[PDB]
Amino acid sequence: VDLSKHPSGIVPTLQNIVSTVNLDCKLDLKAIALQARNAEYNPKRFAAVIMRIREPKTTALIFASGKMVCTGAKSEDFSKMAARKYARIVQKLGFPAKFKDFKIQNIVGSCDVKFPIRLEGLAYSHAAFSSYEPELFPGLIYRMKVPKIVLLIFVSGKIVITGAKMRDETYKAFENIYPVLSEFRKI
DNA sequence: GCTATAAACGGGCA
DNA sequence: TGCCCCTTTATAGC
């Protein structure tokens with residue numbers, strides 16, 4: 001439990017990685033769809049072949065421009081590992097795929113701070129950043145500015161941390177908010 | 001299922 | 001440029 005990087009003693013667990021990659025060749029989406037079993041394609045709803053693999057369980061959206069977005073992994077390494085497996089698939093189906101400019105694009109994390117949270121008290125004294133309409137959505141949307149991270153804060157004490165590009169942004173965001181959430185420990 | 005968040009992609013409207 | 005979609009993921013109330 002590394003105290004320096006996380007004085008709270010709680011580390012958020014990563015829940016979803018969104019990465020993209022440039023295969024750098026033009027693809028026949030219809031041919032890929034016919035020859036692949038794990039690939040769906042309806043171009044009149046969405047211009048991407050949706051491919052899914054089980055290990056690591058991820059979903060790829062592959063486009064005729066040769067751009068691919070990989071989604072569903074729970075680590076950046078698993079995102080790159082999955083993105084490679086997709087690129088080898090299209091290679092074996094007869095396309096000169098490359099692996100150019102792989103970039104994590106969005107990381108989703110979550111954790112628990114163990115204590116219930118008085119949401120109405122935080123939505124008031126942090127009205128500049130908070131948006132809390134419980135009849136619409138039971139969590140309050142907290143828009144942190146440095147780092148530019150959105151937090152979903154719930155009464156139970158569970159929080160969602162989104163919008164980060166690097167996991168250190170997720171870790172830094174959680175602990176800019178933890179001493180805040182401590183002031184609103186519900187009785 | 002709906003409601004809420006972020007991101008990339010291609011694509012509709014303006 | 002803006003608006004709206006598009007997939008995924010945690011969270012949670014109806």
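Just so we're on the same page: letters track the sequence lines, and every chain starts at 1.
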K.L.:
Write down the distance separating the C1' atoms in C/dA10 and B/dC9, rounded off to the nearest Å.
P.N.:
22 Å

K.L.:
Look at all strands and tell whether A/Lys44 reaches a base, only sugar-phosphate, or nothing, counting heavy atoms closer than 4.0 Å.
P.N.:
nothing

K.L.:
So, OP1 or OP2 of C/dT8: does either fall under 4.0 Å of a side-chain N or O from A/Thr59?
P.N.:
yes

K.L.:
Check the distance between B/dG10's P and A/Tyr41's OH and give it to me in whole angstrom.
P.N.:
13 Å

K.L.:
Rounded off to whole Å, could you give me the CZ-to-P distance for the A/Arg167 and C/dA10 pair?
P.N.:
17 Å

K.L.:
Take A/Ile161 and A/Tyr171, measure what side chain to side chain contact (heavy atoms under 4.5 Å, CB included) needs, and give me the verdict at the end.
P.N.:
CA-CA 9 Å; A/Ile161 310 171; A/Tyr171 296 159; over 6 Å; no

K.L.:
Expressed in whole Å, how much space separates the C1' atoms belonging to C/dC6 and B/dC13?
P.N.:
15 Å

K.L.:
Could you encode protein contacts along nucleotides 3-8 of chain B as a string, one character per nucleotide from 5' to 3', using B for base contact, S for sugar-phosphate-only contact and - for no contact, with a heavy-atom cut-off of under 4.0 Å?
P.N.:
BBBBBB

K.L.:
Under 5.5 Å between six-ring centres and under 30° between planes, true for C/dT11 and C/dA12?
P.N.:
no

K.L.:
So which of A/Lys67, A/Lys100, A/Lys98 actually passes side-chain hydrogen bond (donor to acceptor under 3.5 Å, both in side chains) with A/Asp24?
P.N.:
A/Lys98

K.L.:
Select base, sugar-phosphate, or nothing to describe what A/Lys74 touches, counting heavy atoms under 4.0 Å on all strands.
P.N.:
sugar-phosphate

K.L.:
Name all pairs fulfilling the side chain to side chain donor-acceptor pair (under 3.5 Å) condition that reach into residues 175-185 of chain A, sequence neighbours left out, sorted by first residue then second.
P.N.:
A/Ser8-A/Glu175

K.L.:
Tell me: CD1 of A/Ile107 to P of C/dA10, nearest whole Å?
P.N.:
16 Å

K.L.:
How long is the line joining NZ of A/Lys114 and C1' of C/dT11, in whole Å?
P.N.:
20 Å

K.L.:
I'd like to know if A/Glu169 and A/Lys148 make a salt bridge, using a cut-off of under 4.0 Å between side-chain N and carboxylate O.
P.N.:
no

K.L.:
Are any of the side-chain nitrogens in A/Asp28 or A/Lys30 under 4.0 Å away from the carboxylate oxygens of its partner?
P.N.:
yes

K.L.:
What residue pairs, at least two apart or across chains, pass side chain to side chain donor-acceptor pair (under 3.5 Å) with a residue in residues 130-140 of chain A?
P.N.:
none

K.L.:
Using atom NZ of A/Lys158 as one end and atom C1' of C/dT9 as the other, report the distance to the nearest whole Å.
P.N.:
15 Å

K.L.:
Could you tell me the separation between the CD1 atom of A/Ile62 and the P atom of B/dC9, rounded to a whole number of Å?
P.N.:
15 Å

K.L.:
Just say parallel, tilted or perpendicular for the rings of A/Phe129 and A/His126, cut-offs at 30° and 60°.
P.N.:
tilted

K.L.:
For A/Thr13, answer base if it contacts any base atom (sugar-phosphate contacts may also be present), sugar-phosphate if it contacts only those atoms, and nothing otherwise; contact means non-hydrogen atoms under 4.0 Å.
P.N.:
nothing

K.L.:
In this structure, how many angstroms lie between the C1' atom of C/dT9 and the CG atom of A/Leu14, rounded?
P.N.:
11 Å

K.L.:
Go through the steps for A/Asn38 and A/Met51 under the test side chain to side chain contact (heavy atoms under 4.5 Å, CB included), then give the verdict.
P.N.:
CA-CA 6 Å; A/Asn38 48 9; A/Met51 198 168 292; 3.5 Å; yes

K.L.:
Over how many whole Å does the gap from A/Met68 atom CE to C/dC6 atom P extend?
P.N.:
21 Å

K.L.:
Contact class for A/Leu151 vs. all strands (heavy atom < 4.0 Å): base, sugar-phosphate, or nothing?
P.N.:
nothing

K.L.:
Describe the nucleic acid contact of A/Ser19 in one word from base, sugar-phosphate, nothing, applying a heavy-atom distance below 4.0 Å.
P.N.:
nothing

K.L.:
Does a side-chain N or O from A/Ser156 land closer than 4.0 Å to OP1 or OP2 of C/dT11, or not?
P.N.:
no

